[PDB]
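Listed here are the chains, written in short residue letters.
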Amino acid sequence: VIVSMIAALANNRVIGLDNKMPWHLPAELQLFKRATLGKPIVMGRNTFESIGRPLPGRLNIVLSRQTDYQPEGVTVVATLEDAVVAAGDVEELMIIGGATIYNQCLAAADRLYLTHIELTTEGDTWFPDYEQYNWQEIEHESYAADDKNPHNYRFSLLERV
Ligand SMILES: NC(=O)c1ccc[n+]([C@@H]2O[C@H](COP(=O)([O-])OP(=O)(O)OC[C@H]3O[C@@H](n4cnc5c(N)ncnc54)[C@H](OP(=O)(O)O)[C@@H]3O)[C@@H](O)[C@H]2O)c1
Ligand SMILES: Nc1nc(=O)c2nc(CNc3ccc(C(=O)N[C@@H](CCC(=O)O)C(=O)O)cc3)cnc2[nH]1
């Protein structure tokens, strides 16, 4: 199975503050849905709680070592090894974070689905320093700020080298 990680980072690799996203770009969230629909998504307990419910059309796998932790509609696993197994016989698995999971999986990541948001904001969670490794961009698309999305952002699909 291909190990991919998807995230949206503001400048300085910021991805969150107070267990929430420091911005609101509905069109970017639709890009997230587009990139994960039909695929198993693996996330940390904090990220699952920030989302507030399982995401439709995807196998929701949540990581937590609290043995009695079991929200409705999601599969809970106690280790990353169990998350992969839980994903099943699929072609690609999507690590949807949070910083904790990105950190642990970066070294093993095959692809990074990154959205760079042109914004400098306060944060308490950051995406790992992926540039310490070698990647080659496979796809990209720039999205100018608009009516319902007040920030410019750029999508970049990186493949590990
Ligand atoms: N902008 C983006 O693209 C994006 C994406 C995702 C998340 N976020 C943001 O990032 C923040 C959440 O991430 P964060 O790191 O605080 O939390 P997190 O990574 O989502 O979750 C951390 C928790 O996951 C469990 N866990 C971690 N590693 C584990 C392992 N190896 N085995 C079993 N369980 C493990 C532990 O919970 P237990 O104590 O229950 O074991 C750990 O406390 C929020 O602000 C969220 O909004 C942003
Ligand atoms: N590219 C990217 N953008 C993000 O916002 C993002 N967010 C997370 C974690 N936070 C969230 C927060 C909300 C939803 C969410 O509600 N997603 C819906 C679409 C939006 C909606 O239905 O309101 C989904 O069906 O995926 C997903 C992840 C993880 N990776 C990301 N990756």
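- Method of determination, as annotated in the archive: X-ray crystallography, at 2.000 Å resolution.

## Side note on the sheet that holds strand β6 (residues 92-95)
Item 1. Strand order across the open sheet formed by eight strands is β5-β4-β3-β6-β1-β7-β10-β9, with mixed pairing between neighbours. Of all the strands in the sheet, the pair left with one neighbour each is β5 (75-77) and β9 (135-143). When the angles between neighbouring strand axes are averaged without regard to direction, this sheet yields 25°.
Item 2. Note: strand β1 (residues 2-9) against β6, four bridges, orientation parallel. What sits directly across from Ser4, in β6, is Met94.
Item 3. Here helix α3 (residues 80-87) sits on the sheet and contacts β3 (41-44), β4 (60-63), β5 and β6; the angle it forms with β4, its principal contact strand, is near 170°.

## Some thoughts on helix α1 (residues 26-36)
Item 1. Residues of α1 that are buried include every one of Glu28, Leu31, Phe32, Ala35 and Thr36, and no others. Relative to the axis of α1, the buried residues are bounded by an arc of 120° and lie together on one face. With respect to the buried face of α1, the exposed residues turned more than 90 degrees away are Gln30 and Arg34.
Item 2. Its buried side turned inward, α1 meets β1, β3, β6, β7 (111-117), β9 and β10 (153-160).
Item 3. Two residues or fewer after α1 comes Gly38, characterised by a positive phi angle close to 75°.

## Regarding the site of ligand 2
Item 1. The environment of ligand 2 is made up of 15 residues, and the closest members are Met21, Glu28, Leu29, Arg58 and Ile96.
Item 2. A distance of 2.6 Å separates a nitrogen atom of ligand 2 from a polar atom in the side chain of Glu28.
Item 3. For ligand 2, an oxygen atom lies 2.7 Å from a polar atom in the side chain of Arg58.
Item 4. Notes on ligand 2: free accessible area 640 Å², of which the protein chains cover 82%.
Item 5. One can see that ligand 2 is located within the largest pocket.

Cut-offs used in this document
- Residues numbered from 1 in each chain as written, not as in the entry; some residues may be left out.
- Chains lettered and ligands numbered in written order.
- Heavy atoms only, no water.
- Pairing = 2+ DSSP bridges.
- Helix = DSSP H or I, 4+ residues; strand = E, 2+ residues; numbered from the N terminus.
- Axes fitted to C-alpha atoms, helices over the stretch in contact; angles between N-to-C directions.
- Contact = heavy atoms within 4.5 Å.
- Buried < 20%, exposed > 50% of the residue type's maximum accessible area, 1.4 Å probe, protein only.
- Arc of directions from axis to C-beta.
- Near = heavy atom within 4 Å.
- Polar contact = N/O pair within 3.5 Å; in protein donor to acceptor, adjacent residues only side chain to side chain.
- Areas by Shrake-Rupley, 256 points an atom, 1.4 Å probe, with all protein chains shown as cover.
- 1 Å grid on protein atoms, 1.4 Å probe; cavity = no way out; pocket = protein on both sides within 12 Å on 5 of 7 lines; lining within 4 Å.
- Sits in = over half its atoms within 2 Å of the grid points.

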